Amino acid sequence: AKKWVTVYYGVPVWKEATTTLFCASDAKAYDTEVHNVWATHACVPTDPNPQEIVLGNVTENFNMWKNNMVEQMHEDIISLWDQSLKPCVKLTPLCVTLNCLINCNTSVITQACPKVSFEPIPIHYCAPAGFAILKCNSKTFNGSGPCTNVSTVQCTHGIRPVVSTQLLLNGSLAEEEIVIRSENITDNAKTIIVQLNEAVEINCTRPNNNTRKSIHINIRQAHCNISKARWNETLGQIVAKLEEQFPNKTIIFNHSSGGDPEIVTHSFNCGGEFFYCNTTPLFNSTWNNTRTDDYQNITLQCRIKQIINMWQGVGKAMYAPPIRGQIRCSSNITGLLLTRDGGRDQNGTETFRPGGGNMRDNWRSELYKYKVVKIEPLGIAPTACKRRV
Amino acid sequence: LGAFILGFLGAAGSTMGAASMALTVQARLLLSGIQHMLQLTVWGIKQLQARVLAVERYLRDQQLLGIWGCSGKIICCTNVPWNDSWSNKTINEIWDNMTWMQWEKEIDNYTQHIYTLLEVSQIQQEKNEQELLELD
Amino acid sequence: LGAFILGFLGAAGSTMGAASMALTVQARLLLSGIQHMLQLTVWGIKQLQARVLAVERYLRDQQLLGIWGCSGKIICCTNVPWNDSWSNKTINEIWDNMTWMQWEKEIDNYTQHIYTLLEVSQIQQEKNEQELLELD
Amino acid sequence: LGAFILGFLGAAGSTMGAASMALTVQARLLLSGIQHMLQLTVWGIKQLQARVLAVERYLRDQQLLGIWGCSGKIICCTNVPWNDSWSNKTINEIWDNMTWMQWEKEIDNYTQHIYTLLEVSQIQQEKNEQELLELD
Ligand SMILES: *[C@@H]1O[C@H](CO)[C@@H](O[C@@H]2O[C@H](CO)[C@@H](O[C@@H]3O[C@H](CO[C@H]4O[C@H](CO)[C@@H](O)[C@H](O)[C@@H]4O)[C@@H](O)[C@H](O[C@H]4O[C@H](CO)[C@@H](O)[C@H](O)[C@@H]4O[C@H]4O[C@H](CO)[C@@H](O)[C@H](O)[C@@H]4O[C@H]4O[C@H](CO)[C@@H](O)[C@H](O)[C@@H]4O)[C@@H]3O)[C@H](O)[C@H]2NC(C)=O)[C@H](O)[C@H]1NC(C)=O
Ligand SMILES: *[C@@H]1O[C@H](CO)[C@@H](O[C@@H]2O[C@H](CO)[C@@H](O[C@@H]3O[C@H](CO)[C@@H](O)[C@H](O[C@H]4O[C@H](CO)[C@@H](O)[C@H](O)[C@@H]4O)[C@@H]3O)[C@H](O)[C@H]2NC(C)=O)[C@H](O)[C@H]1NC(C)=O
Ligand SMILES: *[C@@H]1O[C@H](CO)[C@@H](O[C@@H]2O[C@H](CO)[C@@H](O[C@@H]3O[C@H](CO[C@H]4O[C@H](CO)[C@@H](O)[C@H](O)[C@@H]4O)[C@@H](O)[C@H](O)[C@@H]3O)[C@H](O)[C@H]2NC(C)=O)[C@H](O)[C@H]1NC(C)=O
Ligand SMILES: *[C@@H]1O[C@H](CO)[C@@H](O[C@@H]2O[C@H](CO)[C@@H](O[C@@H]3O[C@H](CO)[C@@H](O)[C@H](O)[C@@H]3O)[C@H](O)[C@H]2NC(C)=O)[C@H](O)[C@H]1NC(C)=O
Ligand SMILES: *[C@@H]1O[C@H](CO)[C@@H](O[C@@H]2O[C@H](CO)[C@@H](O[C@@H]3O[C@H](CO)[C@@H](O)[C@H](O)[C@@H]3O)[C@H](O)[C@H]2NC(C)=O)[C@H](O)[C@H]1NC(C)=O
Ligand SMILES: *[C@@H]1O[C@H](CO)[C@@H](O[C@@H]2O[C@H](CO)[C@@H](O[C@@H]3O[C@H](CO)[C@@H](O)[C@H](O)[C@@H]3O)[C@H](O)[C@H]2NC(C)=O)[C@H](O)[C@H]1NC(C)=O
Ligand SMILES: *[C@@H]1O[C@H](CO)[C@@H](O[C@@H]2O[C@H](CO)[C@@H](O[C@@H]3O[C@H](CO)[C@@H](O)[C@H](O)[C@@H]3O)[C@H](O)[C@H]2NC(C)=O)[C@H](O)[C@H]1NC(C)=O
Ligand SMILES: *[C@@H]1O[C@H](CO)[C@@H](O[C@@H]2O[C@H](CO)[C@@H](O)[C@H](O)[C@H]2NC(C)=O)[C@H](O)[C@H]1NC(C)=O
Ligand SMILES: *[C@@H]1O[C@H](CO)[C@@H](O[C@@H]2O[C@H](CO)[C@@H](O)[C@H](O)[C@H]2NC(C)=O)[C@H](O)[C@H]1NC(C)=O
Ligand SMILES: *[C@@H]1O[C@H](CO)[C@@H](O[C@@H]2O[C@H](CO)[C@@H](O)[C@H](O)[C@H]2NC(C)=O)[C@H](O)[C@H]1NC(C)=O
Ligand SMILES: *[C@@H]1O[C@H](CO)[C@@H](O[C@@H]2O[C@H](CO)[C@@H](O)[C@H](O)[C@H]2NC(C)=O)[C@H](O)[C@H]1NC(C)=O
Ligand SMILES: *[C@@H]1O[C@H](CO)[C@@H](O)[C@H](O)[C@H]1NC(C)=O
Ligand SMILES: *[C@@H]1O[C@H](CO)[C@@H](O)[C@H](O)[C@H]1NC(C)=O
Ligand SMILES: *[C@@H]1O[C@H](CO)[C@@H](O)[C@H](O)[C@H]1NC(C)=O
Ligand SMILES: *[C@@H]1O[C@H](CO)[C@@H](O)[C@H](O)[C@H]1NC(C)=O
Ligand SMILES: *[C@@H]1O[C@H](CO)[C@@H](O)[C@H](O)[C@H]1NC(C)=O
Ligand SMILES: *[C@@H]1O[C@H](CO)[C@@H](O)[C@H](O)[C@H]1NC(C)=O
Ligand SMILES: *[C@@H]1O[C@H](CO)[C@@H](O)[C@H](O)[C@H]1NC(C)=O
Ligand SMILES: *[C@@H]1O[C@H](CO)[C@@H](O)[C@H](O)[C@H]1NC(C)=O
Ligand SMILES: *[C@@H]1O[C@H](CO)[C@@H](O)[C@H](O)[C@H]1NC(C)=O
Ligand SMILES: *[C@@H]1O[C@H](CO)[C@@H](O)[C@H](O)[C@H]1NC(C)=O
Ligand SMILES: *[C@@H]1O[C@H](CO)[C@@H](O)[C@H](O)[C@H]1NC(C)=O
Ligand SMILES: *[C@@H]1O[C@H](CO)[C@@H](O)[C@H](O)[C@H]1NC(C)=O
Ligand SMILES: *[C@@H]1O[C@H](CO)[C@@H](O)[C@H](O)[C@H]1NC(C)=O
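Going down the list, the sequences are from chains A, B, C and D. Residues 30 to 129, 202 to 318, 333 to 410, 416 to 509 (full-length UniProt numbering) are what the first sequence spells out, left to right. Residues 519 to 552, 567 to 668 (full-length UniProt numbering) are what the second sequence spells out, left to right. Residues 519 to 552, 567 to 668 (full-length UniProt numbering) are what the third sequence spells out, left to right. Residues 519 to 552, 567 to 668 (full-length UniProt numbering) are what the fourth sequence spells out, left to right.
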């Protein structure tokens, strides 16, 4: 006939926003716990009546490695560690704008070091006034692939700010099957995030019994235990998924390939105790469709350290000596960070060494379901009307 | 009404024709008329700032459509002819298929150009109206 | 203004003619321009949710009157002839006697039928306008 | 937009012509789209009551302009001739010089008289429209 342009208003159209999100955690405001002190001064109470509006037949390209929301959580946690664990000596680099002998002299800071309590708390990132947060609901989701069961919410689920390497601690589990996520496979640079569907437990202690400070002119020793009869089940499903990506090659796990002590070993915290657990008797086994472990209590030898390398930028640190005794960590294991060793020398093998260290990758495994979008209401479409003039 | 305060013309996922036709059914119906905690206060305000901002944005854009002669109307109509180099599609398949999210990516290249054509057409209607004021 | 946020056309109890004539007097006047407790917060919100909901309902029905061609107007006017089997009363006694609460019960039987006639008349005006678009 | 919620036509201090021309630039841009404490609650409400009252006053006066036939329009236009005993100034110097605060004191004597002329002109347009209803 005769097409004509018209303008509508209130049209459902989405975009991508780059806003700030206020946190919302269930605090206490009375104890001397660090996270309860931080959550009281900058967080609001949790929403008692949440509403999840399920959308219809919609599809959204949920990219996860280009998510700007995870770039905010990482900057909201660094501001917590500067209020929690004050280092005794904070040695950090500082260069001068001189082209090239560049003047790069260190700048140390001496602060008081009180041994404070330490325990994470689940926080909820909520959308500000005027924006909305989308959420996929597919049981696989694939990572940067578009899903179909998109539903909108206003606040995310419980997210714990646990900082660890090689094994993602406390958090959410998978829905029905162990899925693997990676930005791009076969390029051996991007870390492969593996989410488990069953909580693998871990207990780490040192009661007292080792007040022996030095040896010659132990308090620096601890251990962990993993249920071998339960851990083999979850590992048996990981190799079942990895072989689906490489059917002719051989899955061969291995220890780390070296580097900094916070990467070669596991590293988590419990009341200022910076456990550096040697994980070689957990990834030494080579694999095929059958096992190569043995046949309960895998003694994961750990060690408290004092001079660490900060994860919140370059630069060493030095904390106060450890507590006298009774340090317990009744944790869980929900994820697993694995790298890959490919190449032209790869003679039908698959090496999956433990990686991690980039804390942004620690939270991308948690903030993969969400995305912050805004509502643009204009719209233009052709029609058959005509303005009478 | 379309899962948010804004975007009330219809719910996403449905096609443009099926959503606009369902609005009229929702129009006749809505017009004929046929435990606690002290921290509910903070969330009582966060639920209000989203409603006041959505209303305050509504009234702003409702008045900003006066640049195109579509002031105060959610569904306007202009007199600018629709090019064929923009979409090259019939009015039947655009409204029966291609929901709003799909249609936006279809004309996202020219959605900034069409805004320039609508304003020029408004000044022409205002100037042509002014010429008749010399007579009447 | 009529003891509530809605119902601002006049106060109840007064007749339809006396209320509409008193509104114009209130129109010229308003246009020419001639102890505490912490629990005042909870009631500070309850007094806001009644004002935001009354505004949000106002804008919804103000735009829903586009079905009858009375969009954005609190006092519209149509072209549907008034039947005599509905009220059978003169325009003088309807406005001088019979306040709004009494008039509603007078035509409550046909108030659902008249809504059907107003929509059919709007589509006819839109279709007849479209036929003139073939010429102009 | 003009440093307050109301007074959004422009910022004070700028002349009437420079403010009205700058609004159109702000119109195309906005349309194309190209620590905490518990006592933040009390100030969270005081910032809302100023926004709800400004919107509720906006909708009231927007509908009260129906007395002059300028309902729903922020920039109307009438047909009452401008006297020379009111300002006796050309349309060029009024818009290039004399900002809004200065212009208000210029016609504050007659700003109450002009309101009487606008209402009489509206009733005349309504009565003259009613006479044509006898024919059409
Ligand atoms: C993953 O998630 C899991 C949760 O599912 C996380 O597991 C949590 O880990 C926490 C730390 O690792 C752990 O917290 C500890 O709990 C101890 C037991 O709590 C219970 O008892 C207390 C007291 O009876 C109850 O109030 C409470 O409700 C519980 O029922 C606490 O006792 C611990 O506090 C002590 O340790 C911290 C360590 O820095 C000290 O800062 C703190 O001040 C306390 O220190 C005293 O005790 C130590 C023990 O040796 C002494 O050495 C020290 O000098 C202090 O001693 C004084 O006080 C004692 C009395 O307590 C007195 O006898 C002595 O003479 C001194 O006067 C600490 O709070 C959580 O329980 C644990 N949760 C679960 C469910 O297991 C896990 O960490 C997460 N993963 C990661 C990586 O975070
Ligand atoms: C887990 O990863 C580690 C990565 O370090 C890997 O351990 C090393 O693997 C390399 C690759 O085979 C080993 O290197 C060779 O090992 C043979 C066997 O002992 C040596 O004889 C070789 O030394 C001779 O050859 C060199 C040239 O090839 C000469 O330059 C040299 O002078 C010698 O003449 C060569 O070193 C390496 O020994 C191991 N190291 C250890 C500690 O294991 C490990 O194999 C991976 N795990 C699994 C299960 O694959
Ligand atoms: C996801 O990651 C994958 C790996 O992590 C990416 O795969 C890459 O894909 C490209 C496209 O084929 C490969 O590039 C090839 O490289 C060879 C070797 O180059 C050498 O020889 C050429 C001449 O032959 C010479 O000019 C060069 O200088 C080199 O000396 C080329 O011969 C091919 O023509 C082709 O360009 C990459 O090798 C491959 N990466 C790896 C690690 O194998 C993949 O692209 C990623 N996905 C997306 C969507 O980007
Ligand atoms: C698409 O996404 C929606 C998101 O809500 C999914 O709906 C949810 O489905 C689960 C089942 O896996 C429901 O959990 C069940 O809830 C009922 C009632 O609360 C309870 O009886 C069960 O024990 C179980 O907990 C969940 O409630 C439901 N969401 C809502 C808001 O009701 C839906 O399943 C997804 N579609 C597919 C095909 O997965
Ligand atoms: C984590 O624990 C494992 C426990 O096996 C440690 O592996 C063992 O480390 C020692 C120290 O280097 C190795 O001994 C060396 O063996 C070579 C022969 O390859 C010999 O030439 C050296 O003189 C030295 O005796 C030992 O072989 C190695 N165990 C195995 C099975 O290879 C590992 O070092 C610990 N890692 C961390 C970071 O704590
Ligand atoms: C990779 O690491 C695992 C860590 O569990 C190794 O499994 C461990 O293998 C040793 C072999 O010497 C087992 O010791 C055995 O103890 C029994 C009872 O005392 C004794 O009768 C045997 O003669 C032997 O000494 C140890 O129990 C077992 N760990 C667990 C938790 O059962 C595995 O061997 C490592 N593989 C390689 C290739 O390094
Ligand atoms: C493998 O590791 C687990 C934990 O790492 C060991 O479980 C622990 O076993 C001891 C010995 O029975 C338990 O102590 C007992 O607890 C009961 C209950 O309170 C108490 O009444 C007894 O007097 C005694 O103290 C200990 O509680 C238990 N750990 C937990 C968390 O329950 C297990 O024994 C290890 N396997 C082997 C073969 O050693
Ligand atoms: C799962 O994710 C991968 C990428 O992470 C998607 O793979 C690409 O999909 C497009 C179209 O589906 C293809 O054109 C590309 O060739 C694929 N690339 C690779 C490397 O596989 C994949 O589509 C996602 N799965 C689903 C169901 O969407
Ligand atoms: C780690 O410790 C937890 C408790 O701190 C253990 O969980 C208990 O396991 C026993 C079985 O041995 C059950 O009877 C208890 O009911 C469990 N506790 C709870 C609260 O349910 C866990 O088994 C330990 N795991 C390892 C590998 O040491
Ligand atoms: C962690 O695992 C070690 C190794 O099995 C446990 O040490 C054993 O403890 C049981 C009972 O306490 C003893 O009968 C064994 O003789 C111990 N083994 C050795 C080699 O000494 C240790 O108890 C576990 N941790 C916890 C908290 O139970
Ligand atoms: C660590 O794992 C244990 C189970 O191994 C979790 O305990 C479960 O917690 C949920 C939460 O409501 C309960 O519904 C289950 O009944 C618990 N099961 C058992 C066996 O105790 C525990 O919550 C996990 N820890 C964290 C921090 O998630
Ligand atoms: C989504 O598609 C199904 C397929 O039959 C349809 O029944 C349903 O109505 C669609 N959703 C909406 C909101 O129209
Ligand atoms: C894993 O270990 C358990 C005992 O802890 C055993 O029952 C199970 O068979 C093992 N898995 C495999 C694949 O052998
Ligand atoms: C791995 O297992 C397959 C059978 O599932 C077997 O054919 C193959 O030889 C095994 N690999 C090695 C290195 O023995
Ligand atoms: C749109 O149609 C006009 C016809 O007047 C034509 O001149 C113009 O080039 C068309 N626009 C484009 C982008 O092709
Ligand atoms: C919608 O698109 C399909 C092509 O995928 C086409 O076959 C169908 O005819 C279209 N619908 C209508 C009503 O024409
Ligand atoms: C239109 O925009 C798309 C992105 O949505 C881009 O890929 C394409 O090249 C653009 N086309 C033109 C003609 O600008
Ligand atoms: C209303 O008047 C019309 C005349 O056009 C008449 O046909 C109709 O029956 C009347 N309605 C009723 C309910 O009597
Ligand atoms: C109002 O009704 C009464 C009957 O109760 C009647 O007498 C009177 O005339 C009516 N008012 C007018 C102005 O006609
Ligand atoms: C009108 O409604 C009233 C009550 O709602 C009822 O008593 C009366 O009989 C009805 N009249 C007709 C004609 O339907
Ligand atoms: C304004 O102009 C009119 C012309 O019709 C004139 O009659 C009237 O007196 C003027 N007003 C004043 C205040 O002089
Ligand atoms: C008033 O108007 C007359 C006629 O245009 C003009 O000559 C005179 O300058 C004006 N006076 C003032 C004070 O504006
Ligand atoms: C503004 O007023 C000055 C006198 O103060 C005058 O000279 C100037 O011409 C006026 N501006 C314009 C644009 O006429
Ligand atoms: C106008 O009002 C001002 C003060 O508002 C007064 O000084 C002035 O004399 C008045 N002029 C006339 C003509 O009324």
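Idealized CB from N, CA, C, for every residue including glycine.
Look at the beta carbons and you see the segment 381-393 of chain A not touching the segment 349-360 of chain A: under three pairs across the two are nearer than 8 Å. The three-state secondary structure of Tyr490(A), taken from DSSP, is strand. Just so you know, the alpha carbons of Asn310(A) and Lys216(A) end up roughly 21 Å apart. Cβ-Cβ distances below 6 Å link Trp43(A) to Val493 in the same chain, with the five nearest sequence neighbours on each side left out; the list follows chain order.
A residue is called buried when at least 16 other Cβ atoms come within 10 angstroms of its Cβ; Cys124(A) does not meet this threshold and is exposed.
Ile623(B) and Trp575(D) have their C-alpha atoms some 52 Å from each other. The set of residues with any CB-heavy atom separation to ligand 4 below 7 Å comprises, in chain order, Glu81(A), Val83(A), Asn238(A), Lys240(A), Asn250(A) and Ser252(A).
Judged by DSSP secondary structure, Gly535(B) falls within the alpha helix (DSSP H) whose first and last residues are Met534 to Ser550.
Taking 8 Å as the cut-off, the Cβ atoms of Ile424(A) and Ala337(A) count as close. Legend: CB atoms of the segment 63-74 of chain A lying less than 8 Å from CB atoms of chain D belong to residues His70, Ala71, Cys72 and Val73. Distance from the Cα of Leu649(B) is smallest, within the candidate group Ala582(B), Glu638(B) and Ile599(B), for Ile599(B). The chain-ordered list of residues whose CB is nearer than 6 Å to some heavy atom of ligand 11 reads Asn271(A), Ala300(A), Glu302(A) and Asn452(A). Contacts between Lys506(A) and chain C, judged by CB atoms closer than 8 Å, involve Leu665 in chain order.
Using a 10 angstroms sphere on the CB of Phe368(A), the tally of other CB atoms reaches 16 or more, which defines it as buried. Closest in alpha carbon position to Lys343(A), among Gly386(A), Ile293(A) and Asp409(A), is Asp409(A). Cβ proximity to chain B below 9 Å picks out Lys605, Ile606 and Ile607 from the segment 605-616 of chain D.
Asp461(A) is bridged by DSSP to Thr471(A). Chain A places a beta carbon closer than 8 Å to that of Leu527(B), counting this residue as a contact. The continuous alpha helix (DSSP H) containing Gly576(D) extends over residues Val574 to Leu596. About 14 Å separates the beta carbon of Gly601(D) from that of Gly604(C), a gap too long to meet the 8 Å contact definition. Against chain A, the CB of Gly551(D) has a partner CB under 8 Å away; the residue lies at that interface. With distances taken between CA atoms, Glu636(B) lies nearest to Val40(A) out of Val40(A), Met102(A), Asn340(A) and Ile366(A). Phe383(A) is a Cβ neighbour of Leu270(A), given a cutoff of 8 Å. Contact note: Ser603(B) reaches chain D through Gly604 and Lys605, using a C-beta cutoff of 8 Å and chain order. In its chain, beyond the 5 residues on either side, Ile367 and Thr407 have a beta carbon closer than 6 Å to the beta carbon of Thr401(A).
Taking the Cβ of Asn429(A) as the reference point, every heavy atom of ligand 5 lies at 7 Å or farther away.
No Cβ-Cβ contact shorter than 8 Å links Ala58(A) with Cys227(A). For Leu420(A), the three-state secondary structure derived from DSSP is strand.
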